[PDB]
Each structure stands twice: as structure tokens, then as C-alpha cells.
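J.: Have a look at this one.
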Amino acid sequence: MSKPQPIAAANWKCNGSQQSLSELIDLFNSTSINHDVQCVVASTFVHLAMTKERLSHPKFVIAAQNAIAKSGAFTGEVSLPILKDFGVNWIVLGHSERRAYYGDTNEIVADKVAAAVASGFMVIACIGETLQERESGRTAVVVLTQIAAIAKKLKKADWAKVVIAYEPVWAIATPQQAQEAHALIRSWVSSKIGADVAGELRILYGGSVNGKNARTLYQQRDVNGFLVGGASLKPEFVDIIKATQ
Amino acid sequence: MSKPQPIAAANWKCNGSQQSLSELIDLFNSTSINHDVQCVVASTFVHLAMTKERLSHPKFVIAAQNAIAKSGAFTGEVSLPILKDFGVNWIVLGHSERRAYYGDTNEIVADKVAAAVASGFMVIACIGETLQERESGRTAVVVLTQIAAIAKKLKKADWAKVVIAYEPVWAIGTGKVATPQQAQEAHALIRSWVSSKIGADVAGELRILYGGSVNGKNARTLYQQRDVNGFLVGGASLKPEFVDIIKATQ
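If you read the protein sequences in the order shown, they are chains B and A. Here the first sequence stands for residues 1 to 172, 178 to 250, where the numbers follow the deposited numbering. The second sequence begins at 1 in the deposited numbering and counts up one residue at a time.
Right, dumping it as C-alpha cells:
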């Protein structure tokens, strides 16, 4: 019957000092986790070296927060082959802040997801609708077109490397609202890709999660874990991880 | 005065493996350089840690290739306070590839420069005009408009932290080639404006680096130009020939 393995993802965004991040990682390290869950830490590019070195908990992997597809004349950017050479195997793509501020269009996110999949990354691909879009009743068409763009560049086998993160930008929500969004995504994948892909697909909730609402949210049928913002910079991330049983 | 301290800056852009960049650092470490020059290695964010640990040459400092002013909810970006806490004190801002591909407008570069200066960084601020701006007779308009926007956010005293890099974008991948005389015309234009607008003291001390195609063979005749104070180098900076470029600044 089972839910696939849950994922607890820490998106630190553009935050942290060597000091403050190093303490948090010690805290994760000293954390006892007794179930099957993949914990993910996405730090800035700058802190990948210290994270890779200091995070030893065997249930954790490190991720990047963005990349471009190829090395070359792209001053300021980091590419997939550079990340792969550095030993980073997870990446967050298409986060709402990048779609909003940094020109991650539906198609550009799709190209990045496909390039990351093809060089072997595990990819957390973010989709989600704004406030205006939800109130207009355009959630399904906005959100499904986002994933459909990503799907156009994937084959069936690729979905084993893909995790979807639903970001309800419009609340920046009830378990019912989250559940219906996830069910909406899963139903799309079943109809458009196949039931053999959709049952296994992790769909993560990426709205504001804290230690107190996480449990009720994870109990939803189609919620497979979390992509956490601000609370991932704090000790309460550990309680979010624990909400995933 | 006579020429201020030159700078040889290596812009690795989006390149490098742990292995290839280490071998290159080892060489930089083993290089002897007999004159006063500031060398700068601007690596990708991922590589800043390993460059910090391994690069030991007293004439080399480490730079980042971009940043935003403030930490916060900006997934995938790197802020100035994150770089400063990491011990990075030079930064390249407004590079032509960012202006062209990633939203670096005149005012956004100016906001970044002001923030980085205020935060204590030495800033290499890039400017320069496309083929179309040049052909339409807009070289001076574009170059002065870009530097004026940056100036507008700075105080006279702040210029001690500022280095200008001129990029002849009109010569990049167009199959046109900038002569050393063309580089000189652009630098002299930049310096004369700084002299009238900011001050003759500031104009005299300002390093203006040439940021077009620089290699071992052309570096010496470029540096011989009166208002050329060194280089912001692309491709060759990933190569042993970057050492010859540093040496061409004697």
C-alpha cells in the first residue's frame, strides 16, 4: 500500500555563516533518526565544501540550489558538470524565487531538469502557483503546464530520478488544500505518464512548514515529505524530519 | 602619478574541475614575479573553499564572480555578507555575460557595487559596449552611461576600492579584433570622464583594466598603452599562459 520513501529537504536559500551553519550540521549529526527517510541539505554554493566535509549523518545528502547545464562563458554561474565533479548528486530546480526573479521559465526549468537527470543527478523540481493565479481558479492549468513542460523533456525511466516539490506561492494552507494539490499533481502524472510512474513519485510539500504543522500534513495520502524554507535554518528542522513517519 | 599598481585578474567563469584548478594553483604558487602587481583569481563559488586553502602566493587574492547585496529568500544566489564571512574580499561585478544573460542592468550593477564597497570589498566593475551600440555610434554614450550609474551611488572616497574593467563586447565572438590603439581610446575616454566628474586625483589613481581577448602574445603591447593598467582575462586565465600575462605587466 505503501508511501514511497519520504524526503525531508532543507533549503537554506541565501543564508548562513560558517559558524552558524557548522553548529546546525553538528545538531543534525547528533540527531537519531530511526526510519527510512532521505534527508537533503541544500546550502549556497559557497558552503558546499564545508557541508560535504562536516555532515556525516548517513541519512543526509547535500544538494545545490540551482545550476546551469554546461560549463563555459557564464561568469557568476555554476554548472552541472562542476557540481558533479564536486560530488554533489542532488539539486533543487525551478524554485519559485528563481521563476520570479531569475528567469527560470517553464522551458528553462525543463531543460535544467533534463540535463541534471541525464548526468545522473537526483532532482527536486519545484512547481506552484501565485495568489492571483489561485483566486482566478487557474491552479490546475498553471501548475500542470509547469510539470508538463518538464515532462516533455523526460522519458519514463527518468522519473526515477525526479522528485516534485509543490510550492503554494499563493499562501506566502490547510492539509486539505495541500492534499488536493498533491492529488492533482499525482493524478496528472498517472494520466499523462503512467500509473507505473505516479504511485512511486515523491511529491513534497513546499509551503511554510514547522515542527507543529508538519505531522498533520505528512499524514495526507499524497504528501511524501517536505521542502522546508526558514525552519530548516533552525533546530526544529529535526522535528520536521521526525514528522515523516 | 606614473602608472598605479597594475592588476592581473583571472576570470575562470563557469569552468574548472577540482583537479585542473589545483594544478593551475600549484603553478601560481611556484611563480616568481619581480614587480609590484596585484593578481586576482576569480573562481566559481563552489571552488572558493579550495582556492582559499591552496593558493598561498602573497601577490594573489581570491575573488567571486557575482553577488547580491543581502542574504535572505533568494534561492540559488550568493550574498555579499556570505562572501565576507567566508573571507573573500574581491568581487567582479557587472561582467558582460551577466549584463547580457542574467539581468545585470546599469542600476543593479550600481546597487551591487555600492553594497560591496560599503561592505569593504575591492570591486572590479565591468563596463563596455556591444557591436550594435558601437556601430550605431554609441560607444561613448554607453560606456559613460554605465560608469555614471555606478558613480551616482558612490562617494569620492569609495573609488579607492574601485577598479574598472573595460570589455570590448563588440569584439567578442564577432570576428572583429580590438587593436591596442582601440583599447587605449576606450580607457582614455573612461579616465577623462572620471577626471572631470569625480576628480583628477581619483582619475590618476584609478586602475582601468583591459578586458578583451588577452593572451601571452598580445599582453605586452596592450599594457604598453598609456591608460591600460592591467587585465581581466578570460580563456587564457585557465592556462599556464596566464603567468606570461602577469609578467607582461612589468
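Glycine included, each C-beta is placed from N, C-alpha and C at the ideal position.
For the alpha helix (DSSP H) that B/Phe28 lies in, which residues bound it at each end?
T.: Residue numbering aside, residue 28 of chain B sits at position 28 when the first sequence is read from its first letter. Run containing B/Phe28: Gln18 to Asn29, per the alpha helix (DSSP H) assignment.
J.: Could you say which of B/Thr145, B/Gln225 and B/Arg54 lies nearest to B/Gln250 if we only look at CA atoms?
T.: The count along the first sequence starts at 1 and reaches residue 250 of chain B at position 245. Per the Cα distances, B/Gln225.
J.: Are the CB atoms of A/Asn11 and A/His57 within a distance shorter than 7 angstroms?
T.: Taking the first residue of the second sequence as 1, we reach residue 57 of chain A at position 57. Taking the first residue of the second sequence as 1, we reach residue 11 of chain A at position 11. Not in contact: A/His57 and A/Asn11 (Cβ atoms no closer than 7 angstroms).
J.: Quick one: measure Cβ to Cβ for A/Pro168 and A/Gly230, integer angstroms, because I've assumed they're closer than 8 angstroms.
T.: Taking the first residue of the second sequence as 1, we reach residue 168 of chain A at position 168. Taking the first residue of the second sequence as 1, we reach residue 230 of chain A at position 230. A/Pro168 to A/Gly230, Cβ: 16 angstroms. No contact.
J.: Does the structure place the segment 17 to 33 of chain A close enough to the segment 47 to 64 of chain B that three or more beta carbon pairs sit under 8 angstroms?
T.: no
J.: Which residues mark the beginning and the end of the alpha helix (DSSP H) in which B/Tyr210 is found?
T.: Counting from one through the first sequence, the residue named residue 210 of chain B turns up at place 205. Note, B/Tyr210: premise wrong, no alpha helix (DSSP H); beta strand (DSSP E) at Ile208 to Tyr210.
J.: In the DSSP assignment, find the unbroken beta strand (DSSP E) run with B/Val40 in it and report its ends.
T.: Your numbering for residue 40 of chain B matches position 40 in the first sequence. Here the beta strand (DSSP E) through B/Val40 covers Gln38 to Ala42.
J.: I want to see whether chain B comes within less than 7 angstroms of A/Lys84, judged by CB atoms only; does it?
T.: Taking the second sequence and counting its residues from 1, one reaches residue 84 of chain A at position 84. So, not an interface residue.
J.: State yes or no: is the C-beta of A/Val109 within less than 7 angstroms of the C-beta of A/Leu93?
T.: Here residue 109 of chain A corresponds to residue number 109 of the second sequence, with the count starting at 1. Here residue 93 of chain A corresponds to residue number 93 of the second sequence, with the count starting at 1. Their beta carbons are under 7 angstroms apart, which means A/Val109 touches A/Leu93 by this criterion.
J.: Would you say the segment 211 to 226 of chain A touches the segment 156 to 174 of chain A, given that touching needs at least three Cβ pairs under 8 angstroms?
T.: Result yes; three or more Cβ-Cβ pairs closer than 8 angstroms.
J.: Sort out for me which residues DSSP pairs A/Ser96 with in a bridge.
T.: Here residue 96 of chain A corresponds to residue number 96 of the second sequence, with the count starting at 1. According to DSSP, which records beta bridges pairwise, A/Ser96 is partnered with nothing at all.
J.: If the cut-off is 7 angstroms on Cβ atoms, which residues from the segment 158 to 169 of chain A count as contacting chain B, listed in chain order?
T.: none
J.: According to DSSP, is A/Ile190 part of a helix, a strand, or is it coil?
T.: To locate residue 190 of chain A, count along the second sequence from 1; it is residue 190. Reduced to three states, the DSSP call for A/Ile190 is helix.
J.: For B/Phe45, would you say it is in contact with chain A, using Cβ-to-Cβ distances shorter than 7 angstroms as the test?
T.: To locate residue 45 of chain B, count along the first sequence from 1; it is residue 45. Interface residue, yes.
J.: Take the Cβ of B/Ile172 as the centre, count every other Cβ of all protein chains shown within 10 Å, and call the residue buried at 16 or more, exposed below.
T.: As a position in the first sequence, residue 172 of chain B is number 172, starting the count at 1. Exposed.
J.: Return the chain-ordered list of same chain residues with a C-beta closer than 6 angstroms to the C-beta of A/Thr139, the five sequence neighbours on each side being excluded.
T.: Residue 139 of chain A sits at position 139 when you count from the first residue of the second sequence. Taken in chain order, the residues that qualify are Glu129.
J.: Can you tell me whether DSSP reads A/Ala67 as helix, strand or coil?
T.: In the second sequence, counting from the first residue as 1, residue 67 of chain A sits at position 67. The three-state secondary structure of A/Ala67, taken from DSSP, is coil.
J.: Contact criterion: CB-CB distance below 7 angstroms. Does B/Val123 meet it with respect to chain A?
T.: Residue 123 of chain B sits at position 123 when you count from the first residue of the first sequence. Residue-level contact check: B/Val123 does not touch chain A, since none of the beta carbons of chain A fall below 7 angstroms from its beta carbon.
J.: What residues from the segment 104 to 123 of chain B come within 7 angstroms of chain A, judged by C-beta to C-beta, listed N to C?
T.: none
J.: Whose Cβ in chain C lies nearer than 8 angstroms to the Cβ of A/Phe242?
T.: Looking for chain C here will not work: the only protein chains present are B and A.
J.: Of all the beta strand (DSSP E) runs that stay within the bounds of the segment 116 to 196 of chain A, which reach a length of 3 or more residues?
T.: 122 to 127 and 162 to 166
J.: If we cut at 7 angstroms on Cβ distances, does A/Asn215 have a partner in chain B?
T.: Taking the first residue of the second sequence as 1, we reach residue 215 of chain A at position 215. Not one beta carbon of chain B lies nearer than 7 angstroms to the beta carbon of A/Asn215.
J.: Report yes or no: is there a C-beta of chain B within less than 7 angstroms of the C-beta of residue 251 of chain A?
T.: Residue 251 of chain A lies beyond the residue range present for chain A, which begins at 1 and ends at 250; the question has no answer from this structure.
J.: Against chain A, with Cβ distances strictly below 7 angstroms, would B/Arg54 count as a contact?
T.: On the first sequence, position 54 is the one that residue 54 of chain B refers to. No, its Cβ sits nowhere closer than 7 angstroms to a Cβ of chain A.
J.: Kindly indicate which residue of A/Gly120, A/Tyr223 and A/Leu131 has the alpha-carbon position closest to the one of A/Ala157.
T.: Taking the first residue of the second sequence as position 1, residue 157 of chain A is located at position 157. It is A/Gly120 whose Cα lies nearest to the Cα of A/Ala157.
J.: So, for B/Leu154: in the same chain, excluding its five sequence neighbours on each side, which residues have a beta-carbon less than 8 angstroms away from its beta-carbon?
T.: As a working note, residue 154 of chain B is residue 154 in the first sequence. Contacts found: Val113, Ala114, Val117 and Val162.
J.: Can you say whether B/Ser237 is buried or exposed, counting buried as having 16 or more other CB atoms within 10 angstroms of its CB?
T.: As a position in the first sequence, residue 237 of chain B is number 232, starting the count at 1. Buried, because 16 or more other Cβ atoms sit within 10 Å of the Cβ of B/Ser237.
J.: Taking the alpha carbon of B/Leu144 as the reference point, which residue from B/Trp193, B/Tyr101 and B/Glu185 has its own alpha carbon closest?
T.: Taking the first sequence and counting its residues from 1, the one referred to as residue 144 of chain B is at position 144. Considering only alpha carbons, the answer is B/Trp193.
J.: Determine the contact status of residue 261 of chain A and B/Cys14, defining contact as a CB-CB distance below 7 angstroms.
T.: Outside the displayed range of chain A (1 to 250) lies residue 261 of chain A, so it cannot be described from this structure.
J.: Going by the DSSP bridge assignment, what does A/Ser79 pair with across the sheet?
T.: Position 79 of the second sequence, counting from 1, holds the residue named residue 79 of chain A. A/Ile68.
J.: Buried or exposed: where does B/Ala200 fall if 16 or more other Cβ atoms within 10 Å of its Cβ makes it buried?
T.: As a first step, residue 200 of chain B is located in the first sequence; it is residue number 195 there, counting from the start. Result: exposed.
J.: Using 6 angstroms as the cut-off, classify the Cβ of B/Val163 as near or not near the heavy atoms of the ligand FMN, replying yes or no.
T.: Looking at this structure, you won't find the ligand FMN or any other ligand, since it has none at all.
J.: Nearest to A/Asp85 by alpha carbon, out of A/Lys239, A/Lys70 and A/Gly76?
T.: The count along the second sequence starts at 1 and reaches residue 85 of chain A at position 85. That would be A/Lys70, whose Cα lies nearest to the Cα of A/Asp85.
J.: For the beta strand (DSSP E) containing A/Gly230, list its first residue and its last residue.
T.: In the second sequence, the residue the question calls residue 230 of chain A occupies position 230. Here the beta strand (DSSP E) through A/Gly230 covers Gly230 to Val233.
J.: DSSP three-state call for B/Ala73: helix, strand or coil?
T.: Taking the first residue of the first sequence as 1, we reach residue 73 of chain B at position 73. Coil at B/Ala73, not helix or strand.
J.: Should B/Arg98 be flagged as near chain A, meaning a C-beta pair shorter than 7 angstroms?
T.: Here residue 98 of chain B is taken as the residue at index 98 of the first sequence, counted from 1. Taking Cβ atoms only, chain A reaches closer than 7 angstroms to B/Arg98, which makes this a yes.
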